[PDB]
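Participant: Could you have a look at this structure, given as structure tokens, before my questions?
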Ligand SMILES: *[C@@H]1O[C@H](CO)[C@@H](O[C@@H]2O[C@H](CO)[C@@H](O)[C@H](O[C@@H]3O[C@H](CO)[C@@H](O)[C@H](O)[C@@H]3O)[C@H]2NC(C)=O)[C@H](O)[C@H]1NC(C)=O
Ligand SMILES: [Ca+2]
């Protein structure tokens, strides 16, 4: 299995968890970035 | 408007200027692939040279031997 500090693509490829939310769809799947929280701008804006 | 006239051997017009292509676009590839790192919407995708396949579905390493860059 993948390491503690390594995110997992559901195809069985383990990638460093830094790449999550880095802004590019790193897996062969898109699930490197799917489910990332959007950048917070400001309340009421 | 007519710019200029040349021989009917002319095959193409191409504008040679810095702003023709956005030179500052960031290369998304992360030095993962053993051979080709092609682009795709919002990222990249590794590929093997023609005829060679990925080893045991590694999807980064191919059976092809790597070749030195040409300068
Ligand atoms: C040529 O491409 C460059 C990128 O290499 C363009 O610069 C960036 O364009 C994006 C998209 O329009 C902008 O968001 C960037 O501005 C900044 O982006 C960050 C997010 O990364 C925001 O937080 C900032 O508030 C700001 O909006 C812009 N800057 C860079 C270098 O990222 C450029 O527009 C483009 N130019 C031409 C001539 O096509
Ligand atoms: Ca990413």
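Residue numbers (PDB author numbering), protein chains in the order written: chain A, 27 to 71; chain B, 4308 to 4378. For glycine and all other residues, C-beta sits at the position ideal for the given N, C-alpha and C.
Between the alpha carbons of residue 63 (chain A) and residue 4360 (chain B), how many angstroms are there, rounded?
Facilitator: When rounded, the distance between both Cα atoms is 37 angstroms.
Participant: Please name the residue, chosen from A:38, A:31 and A:52, that lies closest to residue 4340 (chain B) on a Cα-to-Cα basis.
Facilitator: For residue 4340 (chain B), the nearest C-alpha among the options comes from A:52.
Participant: Can you give the Cα-Cα distance for residue 4373 (chain B) and residue 41 (chain A), rounded to whole angstroms?
Facilitator: For residue 4373 (chain B) and residue 41 (chain A), the distance between alpha carbons rounds to 23 angstroms.
Participant: To the nearest angstrom, report how far apart residue 4366 (chain B) and residue 67 (chain A) are at their CA atoms.
Facilitator: Rounded to whole angstroms, residue 4366 (chain B) to residue 67 (chain A) spans 37 angstroms at the Cα level.
Participant: Cβ of residue 4374 (chain B) within 7 angstroms of any heavy atom in ligand 2?
Facilitator: Residue 4374 (chain B): no, Cβ never under 7 angstroms from ligand 2.
Participant: From residue 65 (chain A) to residue 48 (chain A), what distance separates their C-alpha atoms?
Facilitator: Straight-line Cα distance between these residues: approximately 12 angstroms.
Participant: Between B:4330, B:4329 and B:4346, which has its C-alpha nearest residue 4404 (chain B)'s C-alpha?
Facilitator: Since the first and last residues shown for chain B are 4308 and 4378, residue 4404 (chain B) lies out of range.
Participant: Between residue 4355 (chain B) and the rest of its own chain, which residues show a CB-CB distance below 7 angstroms, the 5 nearest in sequence each way excluded?
Facilitator: The residues are 4342, 4361, 4369 and 4371.
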